[PDB]
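Accompanying notes for the structure given below.
In my numbering, the protein residues as written are 1 to 62.
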């Protein structure tokens, strides 16, 4: 473990998906790996849970 990422751009989720929306300024924690540009996380903003895309993040060690 000890894997997290930080956003550097915003993203809207679709409704009725497993996505979570975020803005530039959030951080996420790895909770599962997926294989289509996507990962399962939690969002420290509101303890929200679901998916985020690797297109918009940095590989932080925090």
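Idealized CB from N, CA, C, for every residue including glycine.
DSSP places residue 35 in the coil class of the three-state scheme, outside both helix and strand. For residue 50, the enclosing beta strand (DSSP E) covers residues 48–53.
By the CB criterion at 8 Å, residue 40 and residue 53 fall outside the cutoff.
Around the beta-carbon of residue 8, fewer than 16 other beta-carbon atoms lie within 10 Å, marking it exposed. In the DSSP assignment, residue 19 is bridged to 51.
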